[PDB]
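*Asks:* A single structure is presented below for examination.
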Amino acid sequence: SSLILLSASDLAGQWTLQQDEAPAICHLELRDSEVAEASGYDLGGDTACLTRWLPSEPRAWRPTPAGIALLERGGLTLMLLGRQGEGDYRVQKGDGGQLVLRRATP
């Protein structure tokens, strides 16, 4: 019963996605709530715009010890974002589009 629930927290904040080769930005919100259905944290914000870079709309995400992962509320990881630089994650996907998650600076 002493299990630590509120784990990741400094990750909370605002973030955005950037798809290269395809001018289009999307506001993303990394929630800090716990989610056992996907074993991660909720994913509010416009996740719909991801229906073009992911096979399903991610309702949750799970930070891994080597990058961020997006889930669909079932445990099926949709994409593994690798940390390229503290606050700069990038992933290679077919089609030729580069996603970039960076804390909303503006």
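Using the authors' numbering, the first residue of the sequence shown is number 1, and each one after it goes up by one.
Beta carbons are placed, not taken as given, at the ideal position from N, Cα and C, and that holds for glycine.
1. Helix or strand or just coil, what does DSSP make of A36?
2. Using beta-carbon positions only, say whether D46 and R31 come within less than 8 Å of one another.
3. Are the CB atoms of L78 and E72 nearer to each other than 8 Å?
4. Do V35 and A60 count as a contact pair if the criterion is CB distance below 8 Å?
5. Does the beta-carbon of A48 have 16 or more other beta-carbons within 10 angstroms, so that it is buried, or is it exposed?
*Replies:* Checking against the coordinates, here is how it stands:
1. The residue labelled residue 36 in the question sits at position 36 within the sequence shown. DSSP places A36 in coil when its eight states are reduced to three.
2. Position 46 of the sequence shown, counting from 1, holds the residue named residue 46. Position 31 of the sequence shown, counting from 1, holds the residue named residue 31. For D46 and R31, no; Cβs fall outside 8 Å.
3. Working through the sequence shown from its first residue, we reach residue 78 at position 78. Working through the sequence shown from its first residue, we reach residue 72 at position 72. Contact: yes.
4. As a working note, residue 60 is residue 60 in the sequence shown. As a working note, residue 35 is residue 35 in the sequence shown. Cβ atoms of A60 and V35: closer than 8 Å.
5. Here residue 48 refers to the residue found at position 48 when the sequence shown is read from its first residue. So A48 counts as exposed.
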